[PDB]
Amino acid sequence: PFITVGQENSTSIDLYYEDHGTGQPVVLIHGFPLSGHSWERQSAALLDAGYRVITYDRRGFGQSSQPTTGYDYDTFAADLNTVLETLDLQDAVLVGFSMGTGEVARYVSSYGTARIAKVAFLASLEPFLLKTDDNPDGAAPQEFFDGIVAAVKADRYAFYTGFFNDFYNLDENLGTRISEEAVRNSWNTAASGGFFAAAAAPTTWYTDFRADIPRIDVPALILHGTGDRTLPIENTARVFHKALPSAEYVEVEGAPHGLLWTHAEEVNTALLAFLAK
Amino acid sequence: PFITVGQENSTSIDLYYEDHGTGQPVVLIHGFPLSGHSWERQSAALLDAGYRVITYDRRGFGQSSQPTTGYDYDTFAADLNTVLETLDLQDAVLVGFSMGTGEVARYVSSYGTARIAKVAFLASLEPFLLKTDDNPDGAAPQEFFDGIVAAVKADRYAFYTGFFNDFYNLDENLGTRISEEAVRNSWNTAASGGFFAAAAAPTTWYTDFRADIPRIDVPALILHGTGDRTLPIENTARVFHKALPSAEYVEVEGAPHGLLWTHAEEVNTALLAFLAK
Amino acid sequence: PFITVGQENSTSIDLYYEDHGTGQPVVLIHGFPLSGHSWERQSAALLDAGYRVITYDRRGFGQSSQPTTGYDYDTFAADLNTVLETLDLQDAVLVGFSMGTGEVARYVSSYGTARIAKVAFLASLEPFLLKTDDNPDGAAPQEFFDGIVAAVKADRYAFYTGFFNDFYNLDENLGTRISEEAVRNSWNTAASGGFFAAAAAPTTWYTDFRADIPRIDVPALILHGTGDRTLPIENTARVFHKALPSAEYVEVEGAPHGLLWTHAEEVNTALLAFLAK
């Protein structure tokens, strides 16, 4: 299925989406460099629990179009907006994972919560990963991001490999929590995203969501893996919770970045309890 | 190419199909967890032999849509019906492989043979794989199927690997009858099917086709690999032939489940002789 | 995005294409058994340089339809024509790599250069790879091509593997100029092209472009890897340059066939200088 969000030269920009089950609508917003398909462990539990599950592939990823434009949180938020309005979702739950948590903050902040019942942030970017003078808690200096960009441009194929190692803590989880086949599928999904999007995505990672946070109006859930090597729990989740005290917060003991797969359980159990309420 | 068979929430359910060559129409119905593309060795021989070759991806597989509904032989048969009627196929040959043989029985049985000239069953499910009191010849107890479902839900990626081993008798055929690259392509195809369809398919495997058989009206071919580790020739092909004495029957000596690839020859030669008549 | 070029039985024949950037239009025509995506190193440099980049997947490859018809340079040239006319490209640069250089010669020759500003031939087929009495410089006897066809039909999966070895000079370049992940992506792309197209493509390789050459009207660039194991520089580039003295010509010292990736640099630098003029 596709939803058209714009135009690029002679072609339109279409997002691949899926719409399963019946019940209260839950929209899942994937992380880099994956696709809506990465939520399969969560989707099955929500379907069983009796929710309507909406997944979509961000522009440049999985089965969506691969323009060379619109790689920024406002565009991504506007893309989300079009999906919501296209489907006329009411009383929806927005769940973002990694990059997806930037969409959740930015949409709520700009568009408001009229269609939105609750939000959930898993392995969040928030509040601001750039380490500055004004942002002391930031996870890295600008030079560091500039780094990743350079690495993806040099050979994103080879890049994906080192990325998944840390994404999943493979030195700990391989053959235990994650099969080699599961990791194979992940690399294939990434290799399938647009070359341009691959190098342009890392630049959206240090977007400042500090002014988005106060706008979160509806009940929220913050969930982070304490073994997160990709988004240090101390520069993210921990400072985010201070910014939104109100958020229900769950720490997944020794879970890596890729906790959707390695700790699907602990993830499903927090998720379903938070949505139950 | 797509043919729309239904609607799921806000999206339609579309089946990916291909239509090649000219001549008498031959429709190929693939097995789990593959796609219309798995018939490539057979398609080339039919094309050379002068037939019109129609392939399609069952819902949840290859390039078709991945709903979370309709995983049962009546739906699958109705999906087939729509294809036949969409293309206005007349005097068609229906060839099913593994799961596909459930479509052939069920369509013939419910819809009749007005568009149908002949049928062929390769590595068949028939007549009833569930081992019961009334079905003594059944290949396994219910607990066994329940088993597979559980295994696919746990990590279908990793599952595909053990599956292909037995599917192809890789301990015997690897590097001989099947290349490692050929097996790689198979895993990629499966990893590409819908997560839901993967776990829901195994439940359609013990459908009782006992009352479908008497309805087969047109000339039939039954072909099985005697080294079939997936569908024991003794619980399937052998009891099916007793149920349809009339069927022309070919045993492929030491061929595994995956005989379309490992024994493409012996397969093409039986197929082309049966269609020639 | 798709552009429909024809009809095959009940289905249309659609070519997958991309249209990025703004500026003078540059159309990239990929080689066997790849797709428009193989130009990613070149596309990024052109985008940065300020060009409009058009890529498309030849029929039977990458994301285009997979008919069992039209595998010949006139059809391929007519396919190109439809793209050009569909987008109303004016003052376009046509860049072909390997197989793509057959499209560039054939289109220019038959349709003329009214929409065309310049052409570039990388790892070219020209002028005639068939070794005959009249074509002494030909790279191989007919028996040799017949060879490849037979090999692809036998197991194209396994075939791709040996192909990429020579395509990339992996014995020299692996772990240096090309990562194992980069090669993995290439095999996956090829495995994804149509089975029919795979075996039918090699027959278009010894098309005689000897009468096409005199028709090249606009400024041209000829670029070849001196370590080309796929298209011997001595039977191709070197005799082509004699046929078109006028062409600007660049030899890439010890570059294999797959120079777009291994020598992206030397490639981008020649390309951008030639387009700059």
# chains A, B, ... in the order shown; residues from 1 in each chain; ligands from 1
>>> residues_around(residues="residue 169 (chain B)", least_positions_apart="6", cutoff="9 Å", atoms="only C-alpha atoms", output="ChimeraX atom specification")
/B:227-229,255-258
>>> write_last_selection(atoms="C-alpha atoms", output="CSV table (one decimal), in the first residue's frame")
chain,number,residue,atom,x,y,z
B,227,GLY,CA,13.2,-38.9,-0.6
B,228,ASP,CA,10.6,-36.3,0.5
B,229,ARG,CA,11.4,-35.4,4.1
B,255,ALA,CA,14.0,-36.6,-4.9
B,256,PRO,CA,13.5,-34.4,-1.9
B,257,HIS,CA,10.5,-32.0,-1.3
B,258,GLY,CA,12.3,-29.3,-3.4
>>> residues_around(residues="residue 25 (chain C)", least_positions_apart="4", cutoff="9 Å", atoms="only C-alpha atoms", output="PDB file with C-alpha atoms, in the first residue's frame")
ATOM      1  CA  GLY C  21      18.304  16.969  -8.675  1.00  0.00           C
ATOM      2  CA  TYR C  51      23.000  18.013 -12.526  1.00  0.00           C
ATOM      3  CA  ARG C  52      19.569  16.436 -12.847  1.00  0.00           C
ATOM      4  CA  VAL C  53      20.145  12.679 -12.574  1.00  0.00           C
ATOM      5  CA  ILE C  54      17.841  10.178 -14.378  1.00  0.00           C
ATOM      6  CA  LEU C  89      14.390  15.806 -21.939  1.00  0.00           C
ATOM      7  CA  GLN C  90      16.216  18.461 -23.771  1.00  0.00           C
ATOM      8  CA  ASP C  91      19.981  18.815 -24.040  1.00  0.00           C
ATOM      9  CA  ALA C  92      20.530  15.592 -22.183  1.00  0.00           C
ATOM     10  CA  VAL C  93      23.793  13.737 -21.596  1.00  0.00           C
ATOM     11  CA  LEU C  94      23.521   9.940 -22.133  1.00  0.00           C
TER      12      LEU C  94
END
>>> atom_distance(atom1="CA of residue 189 (chain C)", atom2="CA of residue 10 (chain C)")
26.5 Å
>>> atom_distance(atom1="CA of residue 155 (chain C)", atom2="CA of residue 175 (chain B)")
11.7 Å
>>> residues_around(residues="residue 12 (chain B)", least_positions_apart="4", cutoff="12 Å", atoms="only C-alpha atoms", output="compact mmCIF listing (two decimals) with N, CA, C and O atoms, in the first residue's frame")
# COMPACT_ATOMS: atom_id res chain seq x y z
N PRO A 1 0.81 -1.25 0.00
CA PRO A 1 0.00 0.00 0.00
C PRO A 1 0.83 1.29 0.00
O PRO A 1 1.91 1.28 0.67
N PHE A 2 0.44 2.39 -0.67
CA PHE A 2 1.18 3.66 -0.65
C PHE A 2 0.30 4.86 -0.34
O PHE A 2 -0.86 4.87 -0.71
N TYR A 17 2.95 1.71 3.32
CA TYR A 17 2.33 1.51 4.62
C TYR A 17 1.52 0.19 4.65
O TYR A 17 1.11 -0.41 3.65
N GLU A 18 1.21 -0.29 5.86
CA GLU A 18 0.41 -1.47 6.18
C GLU A 18 -0.60 -1.05 7.29
O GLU A 18 -0.30 -0.12 8.03
N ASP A 19 -1.75 -1.69 7.23
CA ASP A 19 -2.90 -1.41 8.10
C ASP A 19 -3.57 -2.75 8.43
O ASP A 19 -4.33 -3.34 7.59
N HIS A 20 -3.26 -3.19 9.63
CA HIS A 20 -3.73 -4.47 10.13
C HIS A 20 -4.50 -4.39 11.46
O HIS A 20 -4.32 -3.52 12.31
N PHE B 2 -0.34 -6.78 -10.92
CA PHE B 2 -1.18 -7.15 -9.78
C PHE B 2 -2.64 -7.39 -10.16
O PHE B 2 -3.14 -6.75 -11.07
N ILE B 3 -3.22 -8.25 -9.36
CA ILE B 3 -4.67 -8.58 -9.44
C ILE B 3 -5.10 -8.40 -7.97
O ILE B 3 -4.53 -8.92 -7.03
N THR B 4 -6.08 -7.55 -7.76
CA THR B 4 -6.73 -7.20 -6.48
C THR B 4 -7.76 -8.30 -6.14
O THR B 4 -8.67 -8.65 -6.94
N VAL B 5 -7.69 -8.89 -5.00
CA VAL B 5 -8.60 -10.00 -4.60
C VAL B 5 -9.45 -9.56 -3.44
O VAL B 5 -10.39 -10.19 -3.06
N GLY B 6 -9.19 -8.43 -2.79
CA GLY B 6 -9.96 -8.02 -1.64
C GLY B 6 -9.48 -6.73 -1.02
O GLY B 6 -8.68 -5.99 -1.57
N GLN B 7 -10.04 -6.54 0.17
CA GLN B 7 -9.73 -5.31 0.94
C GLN B 7 -9.40 -5.66 2.37
O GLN B 7 -10.06 -6.56 2.90
N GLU B 8 -8.42 -4.98 2.93
CA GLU B 8 -8.04 -5.17 4.32
C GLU B 8 -8.01 -3.77 4.92
O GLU B 8 -7.07 -3.08 4.50
N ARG B 59 -1.15 -14.68 -1.41
CA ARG B 59 -1.25 -13.60 -0.44
C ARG B 59 -0.24 -13.87 0.71
O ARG B 59 -0.24 -15.03 1.20
N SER B 64 3.19 -10.26 -3.40
CA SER B 64 1.80 -9.99 -3.10
C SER B 64 1.80 -9.23 -1.78
O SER B 64 2.73 -9.18 -0.99
N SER B 65 0.63 -8.62 -1.53
CA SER B 65 0.28 -7.91 -0.29
C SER B 65 0.36 -8.97 0.87
O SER B 65 0.22 -10.21 0.67
N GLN B 66 0.55 -8.35 2.03
CA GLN B 66 0.70 -9.11 3.25
C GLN B 66 -0.35 -8.81 4.29
O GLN B 66 0.01 -8.23 5.35
N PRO B 67 -1.60 -9.14 3.99
CA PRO B 67 -2.68 -8.98 4.98
C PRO B 67 -2.39 -9.99 6.14
O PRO B 67 -1.57 -10.94 6.27
N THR B 69 -5.19 -11.52 7.21
CA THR B 69 -6.45 -12.22 6.97
C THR B 69 -6.49 -13.07 5.71
O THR B 69 -5.75 -12.79 4.76
>>> select_by_dssp(residues="region 10-219 of chain C", states="strand (DSSP E)", output="number ranges by chain")
C: 11-20, 25-29, 52-56, 92-97, 116-122
>>> closest_residue(among="C:193, C:162, C:62, C:232", to="chain A", atoms="only C-alpha atoms")
C:62
>>> interface_residues(of="chain A", to="chain C", cutoff="7 Å", atoms="only C-alpha atoms", output="JSON, numbers by chain")
{"A": [9, 10, 11, 67, 68, 157, 158, 191, 195]}
>>> write_last_selection(atoms="N, CA and C atoms", output="mmCIF file, in the first residue's frame")
data_model
loop_
_atom_site.group_PDB
_atom_site.id
_atom_site.type_symbol
_atom_site.label_atom_id
_atom_site.label_comp_id
_atom_site.auth_asym_id
_atom_site.auth_seq_id
_atom_site.Cartn_x
_atom_site.Cartn_y
_atom_site.Cartn_z
ATOM 1 N N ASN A 9 10.601 16.244 -8.909
ATOM 2 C CA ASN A 9 10.814 16.347 -10.336
ATOM 3 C C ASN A 9 9.588 15.796 -11.024
ATOM 4 N N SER A 10 9.821 14.829 -11.873
ATOM 5 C CA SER A 10 8.691 14.208 -12.613
ATOM 6 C C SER A 10 7.986 13.132 -11.809
ATOM 7 N N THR A 11 8.467 12.724 -10.618
ATOM 8 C CA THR A 11 7.828 11.641 -9.897
ATOM 9 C C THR A 11 7.135 12.016 -8.607
ATOM 10 N N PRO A 67 13.524 9.787 -2.650
ATOM 11 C CA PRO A 67 13.895 11.136 -3.110
ATOM 12 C C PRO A 67 15.273 11.468 -2.462
ATOM 13 N N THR A 68 15.711 12.599 -2.970
ATOM 14 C CA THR A 68 16.972 13.235 -2.585
ATOM 15 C C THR A 68 16.629 14.547 -1.869
ATOM 16 N N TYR A 157 27.353 -0.195 2.590
ATOM 17 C CA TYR A 157 27.211 -1.656 2.709
ATOM 18 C C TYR A 157 27.978 -2.257 3.886
ATOM 19 N N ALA A 158 29.230 -1.949 3.889
ATOM 20 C CA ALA A 158 30.266 -2.241 4.845
ATOM 21 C C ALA A 158 29.875 -1.484 6.131
ATOM 22 N N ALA A 191 20.363 -2.256 3.064
ATOM 23 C CA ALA A 191 20.975 -2.200 1.752
ATOM 24 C C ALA A 191 19.975 -1.751 0.680
ATOM 25 N N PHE A 195 20.427 5.259 -1.379
ATOM 26 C CA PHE A 195 21.793 5.672 -1.031
ATOM 27 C C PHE A 195 21.791 7.061 -0.423
#
>>> select_by_dssp(residues="region 128-233 of chain B", states="helix (DSSP H, G or I)", output="compact mmCIF listing (two decimals) with N, CA and C atoms, in the first residue's frame")
# COMPACT_ATOMS: atom_id res chain seq x y z
N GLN B 142 -1.63 -33.33 15.68
CA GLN B 142 -1.87 -31.89 15.73
C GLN B 142 -0.80 -31.09 16.46
N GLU B 143 -0.28 -31.70 17.49
CA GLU B 143 0.77 -31.17 18.35
C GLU B 143 2.07 -30.79 17.60
N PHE B 144 2.22 -31.56 16.53
CA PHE B 144 3.36 -31.41 15.63
C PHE B 144 3.26 -30.11 14.82
N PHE B 145 2.09 -29.75 14.33
CA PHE B 145 1.82 -28.55 13.53
C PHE B 145 1.90 -27.30 14.39
N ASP B 146 1.36 -27.48 15.57
CA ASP B 146 1.33 -26.47 16.62
C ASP B 146 2.76 -26.04 16.93
N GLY B 147 3.63 -26.99 16.74
CA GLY B 147 5.08 -26.98 16.90
C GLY B 147 5.81 -25.99 15.99
N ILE B 148 5.51 -26.16 14.71
CA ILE B 148 6.00 -25.34 13.58
C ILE B 148 5.52 -23.90 13.77
N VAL B 149 4.25 -23.77 14.08
CA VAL B 149 3.73 -22.42 14.28
C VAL B 149 4.61 -21.73 15.32
N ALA B 150 4.79 -22.41 16.44
CA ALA B 150 5.58 -21.86 17.54
C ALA B 150 7.02 -21.48 17.18
N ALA B 151 7.53 -22.30 16.29
CA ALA B 151 8.92 -22.14 15.78
C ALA B 151 9.01 -20.92 14.85
N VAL B 152 8.07 -20.80 13.93
CA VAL B 152 8.08 -19.64 13.06
C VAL B 152 7.90 -18.39 13.90
N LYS B 153 7.00 -18.31 14.83
CA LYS B 153 6.82 -17.11 15.67
C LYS B 153 8.06 -16.68 16.49
N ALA B 154 8.81 -17.74 16.86
CA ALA B 154 10.01 -17.50 17.67
C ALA B 154 11.12 -16.81 16.87
N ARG B 156 11.39 -16.58 12.54
CA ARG B 156 11.13 -17.23 11.22
C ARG B 156 12.45 -17.22 10.43
N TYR B 157 13.37 -16.24 10.62
CA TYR B 157 14.64 -16.12 9.88
C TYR B 157 15.53 -17.36 9.98
N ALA B 158 15.77 -17.71 11.19
CA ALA B 158 16.49 -18.85 11.71
C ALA B 158 15.67 -20.09 11.30
N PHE B 159 14.35 -20.00 11.41
CA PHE B 159 13.48 -21.15 11.04
C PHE B 159 13.70 -21.56 9.57
N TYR B 160 13.73 -20.57 8.69
CA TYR B 160 13.86 -20.82 7.27
C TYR B 160 15.12 -21.70 7.02
N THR B 161 16.14 -21.36 7.78
CA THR B 161 17.37 -22.14 7.59
C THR B 161 17.21 -23.67 7.76
N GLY B 162 16.64 -24.17 8.86
CA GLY B 162 16.43 -25.59 9.12
C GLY B 162 15.44 -26.23 8.14
N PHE B 163 14.46 -25.37 7.78
CA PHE B 163 13.41 -25.69 6.83
C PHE B 163 14.00 -26.06 5.43
N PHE B 164 14.92 -25.23 4.97
CA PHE B 164 15.50 -25.46 3.65
C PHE B 164 16.45 -26.65 3.55
N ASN B 165 16.97 -26.97 4.70
CA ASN B 165 17.84 -28.14 4.86
C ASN B 165 17.12 -29.44 4.53
N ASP B 166 15.93 -29.59 5.04
CA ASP B 166 15.02 -30.69 4.86
C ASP B 166 14.19 -30.58 3.58
N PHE B 167 13.94 -29.35 3.26
CA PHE B 167 13.17 -29.04 2.04
C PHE B 167 14.01 -29.56 0.88
N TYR B 168 15.31 -29.24 0.92
CA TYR B 168 16.23 -29.68 -0.11
C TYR B 168 17.07 -30.92 0.21
N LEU B 170 19.69 -30.98 1.93
CA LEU B 170 20.98 -30.35 1.68
C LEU B 170 22.11 -31.28 2.09
N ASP B 171 21.94 -32.06 3.15
CA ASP B 171 23.00 -33.03 3.54
C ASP B 171 23.34 -33.93 2.35
N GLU B 172 22.46 -34.20 1.42
CA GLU B 172 22.71 -35.00 0.24
C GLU B 172 22.99 -34.14 -1.01
N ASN B 173 22.19 -33.13 -1.33
CA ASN B 173 22.18 -32.30 -2.53
C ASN B 173 23.04 -31.06 -2.74
N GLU B 180 24.83 -23.42 -3.32
CA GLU B 180 24.65 -22.63 -2.10
C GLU B 180 23.97 -21.27 -2.41
N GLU B 181 24.24 -20.77 -3.61
CA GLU B 181 23.65 -19.53 -4.13
C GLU B 181 22.13 -19.70 -4.36
N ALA B 182 21.70 -20.82 -4.93
CA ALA B 182 20.33 -21.23 -5.20
C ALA B 182 19.62 -21.25 -3.81
N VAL B 183 20.19 -21.86 -2.79
CA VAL B 183 19.60 -21.90 -1.46
C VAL B 183 19.54 -20.47 -0.86
N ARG B 184 20.53 -19.63 -1.14
CA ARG B 184 20.56 -18.26 -0.64
C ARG B 184 19.34 -17.42 -1.13
N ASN B 185 19.05 -17.66 -2.40
CA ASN B 185 17.95 -17.00 -3.09
C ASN B 185 16.63 -17.42 -2.45
N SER B 186 16.50 -18.72 -2.19
CA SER B 186 15.34 -19.26 -1.48
C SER B 186 15.11 -18.61 -0.10
N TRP B 187 16.11 -18.44 0.73
CA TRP B 187 16.01 -17.87 2.05
C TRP B 187 15.57 -16.41 1.90
N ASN B 188 16.25 -15.71 0.97
CA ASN B 188 15.90 -14.28 0.72
C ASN B 188 14.39 -14.20 0.33
N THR B 189 13.94 -15.10 -0.55
CA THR B 189 12.51 -15.03 -0.95
C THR B 189 11.55 -15.18 0.26
N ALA B 190 11.91 -16.20 1.08
CA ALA B 190 11.11 -16.45 2.27
C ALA B 190 11.15 -15.23 3.25
N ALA B 191 12.31 -14.68 3.56
CA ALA B 191 12.49 -13.58 4.49
C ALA B 191 11.64 -12.36 4.10
N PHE B 195 5.43 -11.46 7.86
CA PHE B 195 5.64 -12.19 9.12
C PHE B 195 4.39 -12.96 9.50
N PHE B 196 3.20 -12.41 9.32
CA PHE B 196 1.94 -12.99 9.74
C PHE B 196 1.67 -14.24 8.93
N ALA B 197 1.81 -14.11 7.60
CA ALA B 197 1.56 -15.21 6.70
C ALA B 197 2.44 -16.45 7.01
N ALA B 198 3.68 -16.16 7.42
CA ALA B 198 4.68 -17.17 7.76
C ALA B 198 4.19 -18.12 8.88
N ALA B 199 3.66 -17.53 9.96
CA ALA B 199 3.14 -18.26 11.10
C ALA B 199 1.74 -18.81 10.84
N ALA B 200 0.88 -18.15 10.05
CA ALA B 200 -0.46 -18.59 9.73
C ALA B 200 -0.47 -19.70 8.67
N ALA B 201 0.48 -19.81 7.74
CA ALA B 201 0.49 -20.83 6.69
C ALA B 201 0.45 -22.27 7.20
N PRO B 202 1.34 -22.61 8.12
CA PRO B 202 1.39 -23.98 8.66
C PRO B 202 0.05 -24.50 9.20
N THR B 203 -0.84 -23.65 9.64
CA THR B 203 -2.16 -24.06 10.11
C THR B 203 -2.99 -24.53 8.92
N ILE B 213 -11.26 -34.56 -3.53
CA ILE B 213 -10.82 -35.59 -4.49
C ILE B 213 -11.81 -36.22 -5.47
N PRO B 214 -12.98 -36.62 -5.06
CA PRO B 214 -14.03 -37.20 -5.88
C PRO B 214 -14.55 -36.28 -6.98
N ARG B 215 -14.36 -34.98 -6.81
CA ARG B 215 -14.72 -33.88 -7.68
C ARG B 215 -13.76 -33.63 -8.82
>>> closest_residue(among="A:226, A:132, A:110, A:176", to="residue 75 (chain A)", atoms="only C-alpha atoms")
A:110
>>> atom_distance(atom1="CA of residue 97 (chain B)", atom2="CA of residue 80 (chain B)")
14.4 Å
